[PDB]
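*Asks:* Provided hereafter are the protein sequence and its experimental coordinates.
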Amino acid sequence: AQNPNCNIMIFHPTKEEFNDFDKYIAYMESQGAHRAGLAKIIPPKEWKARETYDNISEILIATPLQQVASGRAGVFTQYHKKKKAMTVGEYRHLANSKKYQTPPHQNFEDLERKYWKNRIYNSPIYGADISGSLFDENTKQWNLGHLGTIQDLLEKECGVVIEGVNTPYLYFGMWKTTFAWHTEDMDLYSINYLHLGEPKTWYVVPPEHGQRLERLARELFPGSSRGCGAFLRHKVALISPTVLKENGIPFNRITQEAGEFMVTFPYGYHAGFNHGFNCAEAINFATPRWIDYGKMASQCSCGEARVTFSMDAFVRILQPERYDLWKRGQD
Ligand SMILES: O=C(O)CNC(=O)C(=O)O
Ligand SMILES: [Mg+2]
Ligand code: NI
Ligand SMILES: [Zn+2]
């Protein structure tokens with residue numbers, strides 16, 4: 001079995017190997033990359049996402065989210081308070097202000113320590129989940145707006161044509177902006193490109209051990225667990241590496257820098273934080289290997305998780321027994 005310790009693997013494809021996206025994902029899996037839940041892909045030196053980022057300031061962040069924490073430093077939830085619209089140029093200025101900027105630090109490890117010690121005492125503002133793309137249309141390789149769609153994958157594998165679309169999302173971050181522990185909708189893959197700015201630190205639980213994380217979460221968030229049998233779908237709970245280690249949960253960590261891709265694999269729980277002002281682009285995707293995960297994915301029906309239009313068909317076709325209950329939670 002390849003990668004039996006479930007370590008995060010880092011790949012350096014050549015420009016030739018960067019042509020065929022599906023083929024390269026399958027290669028990484030042949031080497032055991034999915035066992036970690038997360039892989040890093042450093043593009044060939046010849047590649048670029050676009051020519052420059054000099055002209056992005058007028059993008060609008062219609063609903064910036066202030067991420068307010070409750071709990072203790074290593075075990076907390078966050079809620080998202082909506083803020084007034086602002087442009088990317090306005091948000092960058094805010095991220096660089098004395099109130100929100102990255103503190104002085106020695107290295108990524110020192111900054112990580114500072115994040116876990118102090119995150120709860122601040123409320124950073126995240127420009128998350130903005131439909132759009134920063135890839136140039138002429139970028140042919142690993143262009144996250146030009147991937148094969150999940151609807152087409154399901155049709156190819158299963159023969160059923162379904163409605164829905166699959167487009168990318170932009171994320172503008174600042175110091176301490178946080179992504180809570182989650183798997184993707186329908187336990188899909190994700191791919192995330194860090195276009196510019198400061199790093200993003202990731203934590204991940206191997207898919208084979210995801211249920212260990214879920215059991216800890218139920219213990220640590222006991223009211224939330226009574227409310228919903230899949231409350232991590234709400235994407236609000238944080239647990240620190242120290243708490244994970246104290247509770248014997250297998251995990252790994254890595255820091256993504258600008259110009260790098262990360263892939264999350266089906267049922268790979270992940271969480272993390274941004275070091276400072278940055279912009280990432282991410283999208284979900286599927287492969288043949290996903291189908292069995294999609295069929296088994298948990299679902300939130302309590303009403304909290306509310307998701308896209310396109311998840312309807314995935315539930316309806318892959319999980320017909322669950323469909324009626326899940327759709328009630330959507331309405
Ligand atoms: O970058 C973020 O805030 C969160 N991204 C992801 O969870 C992802 O790409 O799957
Ligand atoms: Mg602009
Ligand atoms: Ni994710
Ligand atoms: Zn729920």
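*Replies:* Okay, I see it. Numbering: from 1, shown residues only. Ligands and ions are numbered 1, 2, ... in the order given.

*Asks:* how about the residues of the protein near ligand 4?
*Replies:* Within the chain, the positions near ligand 4 by Cβ under 5 Å from the ion are 228, 300, 302, 304. Heads up, the C-betas are built off the backbone N, CA and C, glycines and all.

*Asks:* which residue would be the closest one in the stretch 51-200 of the chain to ligand 2?
*Replies:* residue 58 (3.1 Å; Cβ to the ion).

*Asks:* ok, and the closest non-adjacent residue to that residue?
*Replies:* residue 87 (5.7 Å; Cβ to Cβ, 6 or more residues apart in numbering).

*Asks:* what about residue 55? Give its phi and psi, please.
*Replies:* Residue 55 adopts backbone torsions of phi -120, psi 30, taken as degrees, to the nearest 10.

*Asks:* list the residues that contact it.
*Replies:* When the contact criterion is Cβ atoms under 8 Å, 6 or more residues apart in numbering, residue 55 has no partners at all.

*Asks:* leaving out chain neighbours, which residue sits closest to the residue in the stretch 201-331 of the chain positioned nearest to ligand 1?
*Replies:* Across the stretch 201-331 of the chain, the shortest distance to ligand 1 (Cβ to the nearest ligand atom) belongs to residue 282, at 3.6 Å. Leaving aside its chain neighbours, residue 282 sits nearest to residue 192 (4.1 Å; criterion: Cβ to Cβ, 6+ apart).

*Asks:* go on, residue 2?
*Replies:* residue 32 is the one closest to residue 2 (Cβ to Cβ, 6+ apart), at 3.1 Å.

*Asks:* for residue 303, same thing?
*Replies:* Using Cβ to Cβ, 6+ apart, the nearest residue to residue 303 is residue 329, at 4.9 Å.

*Asks:* give me the residues contacting whichever helix or strand that neighbour is part of.
*Replies:* Using DSSP states H and E, residue 329 sits in helix 320-330. Residues outside helix 320-330 that contact it (Cβ under 8 Å, 6+ apart) are 299-303, 305-307, 312, 315-316, 319.

*Asks:* and what of stretch 144-156?
*Replies:* Contacts for stretch 144-156 (Cβ under 8 Å, 6+ apart): 21-22, 133, 135, 140, 160-168, 188, 191, 193, 281-288, 290-291, 310, 313-314, 317-318.

*Asks:* what do you get for stretch 307-315?
*Replies:* With Cβ under 8 Å, 6+ apart as the criterion, stretch 307-315 contacts 150-151, 154, 162-166, 185-186, 294, 299, 322-323, 326-327, 330.

*Asks:* of those, buried ones?
*Replies:* 150-151, 154, 162, 166, 185-186, 294, 299, 323, 326 (16 or more other Cβ atoms under 10 Å).

*Asks:* strands - which of these land there?
*Replies:* Among the buried ones among the contacts of stretch 307-315, DSSP state E puts none in strands.

*Asks:* tell me which of the contacts of helix 320-330 is nearest to residue 272?
*Replies:* residue 305 (19.8 Å; Cβ to Cβ).

*Asks:* so the closest one sits in a strand?
*Replies:* No - counting by DSSP: H, G, I helix; E, B strand; the rest coil, residue 305 falls outside a strand, being coil.

*Asks:* surely it meets residue 233?
*Replies:* Yes - assessed by Cβ atoms under 8 Å, residue 305 is found in contact with residue 233 at 4.2 Å.

*Asks:* anything in contact with each of those two?
*Replies:* Joint contacts of residue 305 and residue 233 (Cβ under 8 Å, 6+ apart) are residue 299.

*Asks:* quick one: stretch 116-131 to chain centroid distance?
*Replies:* 14 Å (Cα atoms, centre = their mean, to the nearest Å).
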